[PDB]
Amino acid sequence: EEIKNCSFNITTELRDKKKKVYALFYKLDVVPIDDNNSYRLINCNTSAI
Amino acid sequence: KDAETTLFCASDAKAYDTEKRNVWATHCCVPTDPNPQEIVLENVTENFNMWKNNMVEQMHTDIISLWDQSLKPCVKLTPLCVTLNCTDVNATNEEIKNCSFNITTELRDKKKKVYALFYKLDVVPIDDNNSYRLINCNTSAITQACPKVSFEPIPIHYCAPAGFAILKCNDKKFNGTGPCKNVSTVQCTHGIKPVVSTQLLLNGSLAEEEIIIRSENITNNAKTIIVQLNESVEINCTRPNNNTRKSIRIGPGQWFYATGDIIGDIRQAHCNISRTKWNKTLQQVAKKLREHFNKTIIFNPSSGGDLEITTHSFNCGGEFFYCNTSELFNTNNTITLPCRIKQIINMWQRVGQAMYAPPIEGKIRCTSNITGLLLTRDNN
Amino acid sequence: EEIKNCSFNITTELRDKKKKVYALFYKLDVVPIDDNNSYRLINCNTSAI
Amino acid sequence: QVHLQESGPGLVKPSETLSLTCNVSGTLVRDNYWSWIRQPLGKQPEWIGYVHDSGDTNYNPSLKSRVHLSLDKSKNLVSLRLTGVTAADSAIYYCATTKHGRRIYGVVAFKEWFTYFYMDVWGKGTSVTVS
Amino acid sequence: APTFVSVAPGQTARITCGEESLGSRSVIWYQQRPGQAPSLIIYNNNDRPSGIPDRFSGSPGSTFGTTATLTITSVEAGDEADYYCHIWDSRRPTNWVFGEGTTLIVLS
Ligand SMILES: *[C@@H]1O[C@H](CO)[C@@H](O[C@@H]2O[C@H](CO)[C@@H](O[C@@H]3O[C@H](CO[C@H]4O[C@H](CO[C@H]5O[C@H](CO)[C@@H](O)[C@H](O)[C@@H]5O)[C@@H](O)[C@H](O[C@H]5O[C@H](CO)[C@@H](O)[C@H](O)[C@@H]5O)[C@@H]4O)[C@@H](O)[C@H](O[C@H]4O[C@H](CO)[C@@H](O)[C@H](O)[C@@H]4O[C@H]4O[C@H](CO)[C@@H](O)[C@H](O)[C@@H]4O[C@H]4O[C@H](CO)[C@@H](O)[C@H](O)[C@@H]4O)[C@@H]3O)[C@H](O)[C@H]2NC(C)=O)[C@H](O)[C@H]1NC(C)=O
Ligand SMILES: *[C@@H]1O[C@H](CO)[C@@H](O[C@@H]2O[C@H](CO)[C@@H](O[C@@H]3O[C@H](CO[C@H]4O[C@H](CO)[C@@H](O)[C@H](O[C@H]5O[C@H](CO[C@H]6O[C@H](CO)[C@@H](O)[C@H](O)[C@@H]6O)[C@@H](O)[C@H](O)[C@@H]5O)[C@@H]4O)[C@@H](O)[C@H](O[C@H]4O[C@H](CO)[C@@H](O)[C@H](O)[C@@H]4O[C@H]4O[C@H](CO)[C@@H](O)[C@H](O)[C@@H]4O)[C@@H]3O)[C@H](O)[C@H]2NC(C)=O)[C@H](O)[C@H]1NC(C)=O
Ligand SMILES: *[C@@H]1O[C@H](CO)[C@@H](O[C@@H]2O[C@H](CO)[C@@H](O[C@@H]3O[C@H](CO[C@H]4O[C@H](CO[C@H]5O[C@H](CO)[C@@H](O)[C@H](O)[C@@H]5O)[C@@H](O)[C@H](O)[C@@H]4O)[C@@H](O)[C@H](O[C@H]4O[C@H](CO)[C@@H](O)[C@H](O)[C@@H]4O[C@H]4O[C@H](CO)[C@@H](O)[C@H](O)[C@@H]4O)[C@@H]3O)[C@H](O)[C@H]2NC(C)=O)[C@H](O)[C@H]1NC(C)=O
Ligand SMILES: *[C@@H]1O[C@H](CO)[C@@H](O[C@@H]2O[C@H](CO)[C@@H](O[C@@H]3O[C@H](CO)[C@@H](O)[C@H](O)[C@@H]3O)[C@H](O)[C@H]2NC(C)=O)[C@H](O)[C@H]1NC(C)=O
Ligand SMILES: *[C@@H]1O[C@H](CO)[C@@H](O[C@@H]2O[C@H](CO)[C@@H](O[C@@H]3O[C@H](CO)[C@@H](O)[C@H](O)[C@@H]3O)[C@H](O)[C@H]2NC(C)=O)[C@H](O)[C@H]1NC(C)=O
Ligand SMILES: *[C@@H]1O[C@H](CO)[C@@H](O[C@@H]2O[C@H](CO)[C@@H](O)[C@H](O)[C@H]2NC(C)=O)[C@H](O)[C@H]1NC(C)=O
Ligand SMILES: *[C@@H]1O[C@H](CO)[C@@H](O[C@@H]2O[C@H](CO)[C@@H](O)[C@H](O)[C@H]2NC(C)=O)[C@H](O)[C@H]1NC(C)=O
Ligand SMILES: *[C@@H]1O[C@H](CO)[C@@H](O[C@@H]2O[C@H](CO)[C@@H](O)[C@H](O)[C@H]2NC(C)=O)[C@H](O)[C@H]1NC(C)=O
Ligand SMILES: *[C@@H]1O[C@H](CO)[C@@H](O[C@@H]2O[C@H](CO)[C@@H](O)[C@H](O)[C@H]2NC(C)=O)[C@H](O)[C@H]1NC(C)=O
Ligand SMILES: *[C@@H]1O[C@H](CO)[C@@H](O[C@@H]2O[C@H](CO)[C@@H](O)[C@H](O)[C@H]2NC(C)=O)[C@H](O)[C@H]1NC(C)=O
Ligand SMILES: *[C@@H]1O[C@H](CO)[C@@H](O[C@@H]2O[C@H](CO)[C@@H](O)[C@H](O)[C@H]2NC(C)=O)[C@H](O)[C@H]1NC(C)=O
Ligand SMILES: *[C@@H]1O[C@H](CO)[C@@H](O[C@@H]2O[C@H](CO)[C@@H](O)[C@H](O)[C@H]2NC(C)=O)[C@H](O)[C@H]1NC(C)=O
Ligand SMILES: *[C@@H]1O[C@H](CO)[C@@H](O[C@@H]2O[C@H](CO)[C@@H](O)[C@H](O)[C@H]2NC(C)=O)[C@H](O)[C@H]1NC(C)=O
Ligand SMILES: *[C@@H]1O[C@H](CO)[C@@H](O[C@@H]2O[C@H](CO)[C@@H](O)[C@H](O)[C@H]2NC(C)=O)[C@H](O)[C@H]1NC(C)=O
Ligand SMILES: *[C@@H]1O[C@H](CO)[C@@H](O)[C@H](O)[C@H]1NC(C)=O
Ligand SMILES: *[C@@H]1O[C@H](CO)[C@@H](O)[C@H](O)[C@H]1NC(C)=O
């Protein structure tokens, strides 16, 4: 319905390493990029959050 | 008694709106009195000294401050400090390069290949191969000028706070220092436009009777000799190319304005000075200088250093011009001076604080008045 | 004893390139990550320096 | 009216040198710029090069290495010499008088201009076939 | 090499030739009647030599993004020919090869 389960690749305290993490989001804050399951946070294409 | 205090901005011109964002419109400063009162002080003898004045230091300081305040909030271009891949534009059958970049898009995991044109003076080779960098990247940060800020000079009036007064000398032959026998007090100064220039002084006031030469120490060659003309000379400058603008996203609401494609012919920027007015003026400048030296006076071209000193550096229309003056300081035609243009600026010798001037679309036409000269000295 | 010789991968003025550099550190400023020769500066997992 | 009467071998073999001429009648060879043009059958014309008195000579960069043009001030002839002739060089060749002008687009002091050329008088031309 | 345009006698022709202008341009137009040596129609965009009727005119060299155009007013049977352009352009190498022309077919 309206809650999505998304994964990210994020920077850890040491810059050379990344970690895979999960978070849930409400549909209203997530925008599809592709026709595939590839989404972005709703305001990253306009400004800082 | 003589004093040093803080003067405030005032402006007679409230003609412009708050949407054009002129940098000198603080929009925190008062309108001037449209009918200011100048009061003649009879029987006074006030000693003036332009070389030891404090109004100059204050005006200078405030200009620097306003400049930085309007520049500070805009987009930084440090994300563009990447190796550039550049080839020449088809300046074929010179100075404009066509460069490609790999830049970060709004989503951090992706990069895009983009193009921009640059003036040679803003790009320096890294390798002997086509590997170039923007010139500021190995020294410091660069900030993009705000695309909506105007830098057109507005006459600014400097007014004293209560308890203080401004006196002015009305002696038509008065040089930089000495007692003035005709002194009036004013509520405040007239408006002085913050015009930026180097070798020539543009858009200022004129001397009323003759060319007046003012120098702190006329026998010290290291001092600047300021020559105020009693007649203006028109200078016509242009940027003949039809420029275009490309708006490139370099981050989340971070926009960069790149020089876009060139339309039509590729032509060189230039300034037009009538030869006859120039020579007449210089004959009179030497004539007046001779009163202090009793020697033959000649003028020569600038001798060296970077463009800010070697050329006539000025802003017009928001564009930055560096014009050659070798044909001036050296028939009945117009003297055409070739000019160079550059976008990476380091104002007031503050090396390490670079600014990027975004492109202006279309063509640029400037008309300015030469009102003075700045000379230095290097026998009979 | 207490002085370590560490190497780093450092970004140069042009963002696409990195260089290898060396610096010495006092043991008190460096904490092991691994049992291998993998260390970090002590503040990095807490805050800015 | 000048008449440019061209002449040549007509049929040549591969790898032979082709030498064409042009008998200029009514004007002198040193009076104008000369140029040669060729038109392969089924193709648009190709400008080979131009030759001139006072040293003003230039060539089509793709042909240059095999071609020399010349002006004979004694016999009032315009000529073309092409070495390394191949099948691709079969064409109708022409002798022509070239006139020119200049177009200014910017500041003359900065050389913001160029020369343009056109061919005013064309001869009948010759047919050159390479076996 | 040329393409074709069909014009009834008395109708006009629209002949185009070459690529778009990048900068100031100078177009030279030539007329090739089949079997004849070619000759000049126009030089410098609109200057014609004596003997050329003023029914032949063309595009200015002042525009950019446009292509060379020759317009023939009231085409006559004697105008059947292959029209070619030779293009000079301030931002391009000299063209040593004529452009691809147009055959003007008079439908008489
Ligand atoms: C600082 O000072 C400097 C100078 O010290 C300034 O520099 C000036 O910069 C400007 C650029 O803005 C230059 O302007 C261009 O000049 C050229 C050349 O003009 C001169 O030569 C022309 C031709 O000469 C004729 O006579 C000679 C005699 O020997 C002969 O040899 C030659 O073959 C030919 O027969 C003269 O006609 C012309 O005079 C005319 O124009 C004068 C302009 O001011 C005017 O004062 C005169 O009274 C007279 O009217 C002059 O002597 C111009 O050709 C060019 O204009 C064309 O090109 C521009 C390019 O963008 C285009 O926009 C124009 O529309 C125009 O294009 C038309 O004409 C072309 C001619 O070939 C044609 O090919 C085009 O297709 C087009 O044709 C149109 O009209 C025809 C008419 O039949 C029509 O059929 C077509 O369909 C179409 O409609 C510019 O005017 C200055 O020359 C330059 N100064 C100098 C000394 O170099 C600098 O700008 C100043 N800077 C500042 C900041 O102020
Ligand atoms: C982009 O491409 C263009 C095209 O190439 C380059 O621009 C132009 O290129 C031409 C050829 O490359 C250059 O021509 C050189 O000219 C020198 C002599 O001066 C001429 O050029 C000046 C330019 O201002 C003219 O003013 C001068 O013309 C005046 O006088 C003329 C005389 O005519 C009178 O008499 C006749 C006959 O009776 C009458 O019919 C006339 O009406 C008139 O009464 C007059 O016609 C003109 O109108 C005007 O008044 C001249 O035109 C030459 O000395 C050079 O020769 C050699 O050196 C150059 C160096 O590059 C070579 O390129 C050239 O091929 C020659 O080379 C030699 O060596 C080679 C080796 O292979 C041999 O093959 C050659 O045979 C030769 O031995 C040139 O001829 C032209 O000057 C140039 N344009 C400009 C404005 O400079 C352009 O440079 C290029 N861009 C770049 C960035 O490179
Ligand atoms: C020494 O003193 C001299 C003398 O004052 C200084 O010379 C002046 O310098 C001015 C700034 O460089 C220059 O002003 C520009 O002129 C351009 C061309 O002028 C023609 O068109 C105007 C049209 O005026 C009408 O429209 C404007 C639009 O705002 C109104 O403001 C006017 O009140 C009118 O309603 C005519 O009036 C002229 O006579 C000419 O025909 C203008 O295009 C330019 O306007 C654009 O830039 C402005 C910058 O602040 C901006 O405010 C304005 O809104 C325009 O920008 C918009 O439109 C462009 C269009 O592409 C767009 O790209 C922008 O993003 C934006 O949407 C200025 O008006 C004076 O003309 C010039 N004086 C002379 C005689 O040349 C000299 O600089 C000074 N020297 C030094 C060194 O300081
Ligand atoms: C303004 O334009 C003028 C020319 O229009 C510039 O003058 C030129 O400056 C160059 C500098 O490299 C001189 O080149 C040098 O000349 C000497 C001569 O002996 C030579 O030995 C060097 O190897 C080199 O070639 C050039 O000659 C000179 N031109 C003239 C006519 O003197 C001037 O520098 C420009 N000024 C500015 C501020 O841009
Ligand atoms: C360079 O200096 C000259 C000379 O001072 C300037 O010319 C002068 O410009 C002013 C602008 O206000 C003119 O004033 C006004 O002119 C109009 C004309 O209709 C008049 O109606 C007004 O009452 C008022 O007089 C002034 O007359 C004019 N002087 C001359 C002799 O024409 C020039 O504008 C200056 N250029 C720059 C770039 O500042
Ligand atoms: C960033 O996220 C992507 C997925 O969106 C990760 O890509 C997958 O990584 C696993 C790791 O083994 C591979 O098996 C998959 O085949 C990869 N997907 C594709 C399409 O190739 C990527 O590794 C993540 N990056 C980090 C640092 O975790
Ligand atoms: C001394 O300076 C005063 C200005 O402070 C001059 O007075 C002005 O003279 C002009 C002459 O046309 C008048 O238009 C102004 O209105 C006067 N201004 C004031 C404030 O009165 C005075 O003429 C000067 N005297 C000398 C000898 O130079
Ligand atoms: C960018 O760099 C490349 C090489 O690193 C330059 O050269 C091109 O390399 C590709 C490799 O496949 C060739 O296909 C192209 O034909 C090459 N170009 C040329 C002109 O030879 C390229 O020129 C550089 N310039 C820009 C602006 O991207
Ligand atoms: C960064 O720019 C470089 C070139 O300066 C790009 O390298 C080329 O990428 C193309 C992509 O297919 C390859 O075909 C070329 O062979 C690469 N050049 C070399 C020398 O290997 C690089 O891909 C760009 N990065 C991004 C993210 O666009
Ligand atoms: C980093 O910036 C410095 C300036 O602070 C550069 O030093 C000079 O740069 C100019 C630019 O043309 C050269 O002409 C000088 O020759 C340079 N100085 C010396 C001693 O060579 C320095 O080169 C810049 N670094 C890089 C890699 O370009
Ligand atoms: C304008 O400059 C002249 C000098 O050229 C000043 O004349 C004085 O000259 C003597 C010479 O011994 C110096 O000792 C004085 O100190 C000079 N005066 C001053 C004020 O320095 C002239 O006085 C200057 N202008 C004014 C307004 O007095
Ligand atoms: C700078 O531009 C101005 C504006 O066009 C020129 O002033 C014109 O000069 C001509 C010369 O006779 C006059 O006929 C026009 O009437 C003037 N126009 C105006 C609005 O006054 C000025 O001459 C140019 N300066 C240079 C050095 O070329
Ligand atoms: C970052 O540091 C690591 C080591 O901590 C570098 O990894 C080694 O790089 C060299 C370069 O030739 C390789 O020969 C080694 O095999 C690499 N080590 C391993 C375990 O594979 C890495 O290259 C550094 N990155 C940069 C940009 O210098
Ligand atoms: C991140 O910082 C915390 C402190 O805020 C570290 O916790 C202690 O670090 C000291 C350092 O010597 C250890 O001796 C303690 O034993 C640590 N606490 C515990 C409960 O073990 C934490 O270890 C740091 N993270 C990493 C990965 O080192
Ligand atoms: C000052 O300007 C006036 C204007 O008429 C002129 O007569 C006088 O000669 C000029 N003096 C100098 C030194 O330029
Ligand atoms: C400009 O400088 C050159 C240097 O050789 C000189 O020859 C020329 O005469 C000078 N021009 C003027 C106007 O003095």
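Per the deposition metadata, cryo-EM was the technique used to determine this entry, at a resolution of 3.85 Å.

Let us look at the overall build of chain D. Per the secondary structure count, chain D includes zero helices and 11 strands. Its helices and strands taken in sequence order, chain D reads β-β-β-β-β-β-β-β-β-β-β from the N to the C terminus. Its C-alpha atoms give chain D a radius of gyration of 16 Å, within 12% of the compact-globule value 14 Å for 131 residues. Each principal axis of the C-alpha atoms in chain D carries an extent, and together these give about 50 × 30 × 25 Å. In chain D, once contacts between residues fewer than 6 apart in sequence are set aside, the share between residues at least 24 apart is 54%.

This brings us to the site of ligand 14. Residues and elements named next belong to chain C. Near ligand 14, the surroundings consist of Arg-40, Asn-45 and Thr-46. One of the side-chain N or O atoms of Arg-40 is found 2.9 Å from an oxygen atom in ligand 14. At a separation of 2.4 Å, an oxygen atom of ligand 14 approaches a polar side-chain atom of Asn-45. Look at ligand 14: alone it shows 590 Å² of surface, and the protein chains cover 20% of it.

Residue and element names in this part refer to chain D. Within the secondary structure, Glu-6 is located in strand β1 (residues 3-7). No salt bridge is formed by the buried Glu-6; the nearest opposite charge belongs to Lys-124, separated by 10 Å. Looking at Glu-6, its side chain comes within polar contact range of the main-chain nitrogen of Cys-95, at 2.7 Å. Apart from the residues within four sequence positions on either side, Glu-6 is in contact with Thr-21, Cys-22, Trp-36, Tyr-93, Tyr-94, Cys-95, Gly-123, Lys-124, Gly-125 and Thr-126.

Moving on: unusual backbone geometry. All names here are of chain E. If you check the backbone angles, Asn-45 has positive phi at about 75 degrees while not being a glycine. Looking at where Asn-45 falls in the secondary structure, it is placed in the loop between β4 (39-42) and β5 (56-58). At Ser-74, a position not held by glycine, the phi torsion is positive, near 50 degrees. Assignment of secondary structure puts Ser-74 in the loop between β6 (68-72) and β7 (81-89). Using a relative accessible area of 33% as the deciding quantity, one classes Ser-74 as partly exposed.

Turning our attention to the interface of chain E and chain D. The interface is formed by 28 residues belonging to chain E together with 26 residues belonging to chain D. Taking both sides of the interface into account, the surface hidden between chain E and chain D amounts to around 2,200 Å²; carbon and sulfur atoms contribute 64%. Per-residue buried area on chain E facing chain D is highest for E:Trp88, E:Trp96 and E:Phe98; these three make up 33% of the total on that side. Run the count over chain E and chain D and you get zero salt bridges. For the pair chain E and chain D, the interface holds seven residue pairs in polar contact. Elements supplying a minimum of two residues to the side of chain E that touches chain D: β3 (25-32), β4 and β7 of chain E.

Attention shifts here to the site of ligand 5. Residues and elements named next belong to chain B. Neighbouring ligand 5 are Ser-232, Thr-367, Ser-368 and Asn-369. At 3.2 Å, a side-chain N or O of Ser-232 approaches an oxygen atom of ligand 5. Here an oxygen atom of ligand 5 sits 2.4 Å away from a polar atom, N or O, in the side chain of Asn-369. Broken down by element, the residue count for the shell around ligand 5 peaks at three residues, all from strand β26 (residues 362-375). In terms of residue class, the shell around ligand 5 is built from no nonpolar, four polar and no charged.

This part is about a nonpolar patch on the surface. Residues and elements named next belong to chain C. Judged by side-chain polarity, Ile-3, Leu-24, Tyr-26 and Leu-28 come together as a nonpolar surface patch covering roughly 480 Å² of accessible area. Considering the arrangement of structural elements, one finds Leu-24 in strand β2 (residues 18-26). The exposure class of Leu-24 is exposed, given its relative accessible area of 57%.

All names here are of chain E. Within the open sheet, the five strands sit side by side as β1-β8-β7-β3-β4. Their pairing is mixed. Of all strands in the sheet, those bounded by a partner on one side alone are β1 (3-7) and β4. Each neighbouring strand pair of the sheet contributes to a mean axis angle of 30 degrees, computed without reference to strand direction. By the bridge criterion, eight bridges tie β3 to β7 in an arrangement that is antiparallel. Pairing of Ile-28 across the sheet is with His-86, part of β7.

Quick notes on the rules
- Residues numbered from 1 in each chain as written, not as in the entry; some residues may be left out.
- Chains lettered and ligands numbered in written order.
- Part of a larger assembly, values for the part shown.
- Heavy atoms only, no water.
- Helix = DSSP H or I, 4+ residues; strand = E, 2+ residues; numbered from the N terminus.
- Rg over C-alpha atoms; globule rule 2.2 N^0.38 Å.
- Contact = heavy atoms within 4.5 Å.
- Near = heavy atom within 4 Å.
- Polar contact = N/O pair within 3.5 Å; in protein donor to acceptor, adjacent residues only side chain to side chain.
- Areas by Shrake-Rupley, 256 points an atom, 1.4 Å probe, with all protein chains shown as cover.
- Buried < 20%, exposed > 50% of the residue type's maximum accessible area, 1.4 Å probe, protein only.
- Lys, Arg positive; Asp, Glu negative; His and termini not counted.
- Salt bridge = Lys/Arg side-chain N within 4 Å of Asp/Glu carboxyl O.
- Buried area = accessible area lost by both parts, 1.4 Å probe.
- Nonpolar A, V, L, I, M, F, W, Y, C, P; charged D, E, K, R; others polar.
- Patch = residues over 30% accessible without salt bridge, like charges linked within 9 Å, V, L, I, M, F, W, Y side chains within 5 Å.
- Pairing = 2+ DSSP bridges.
- Axes fitted to C-alpha atoms, helices over the stretch in contact; angles between N-to-C directions.

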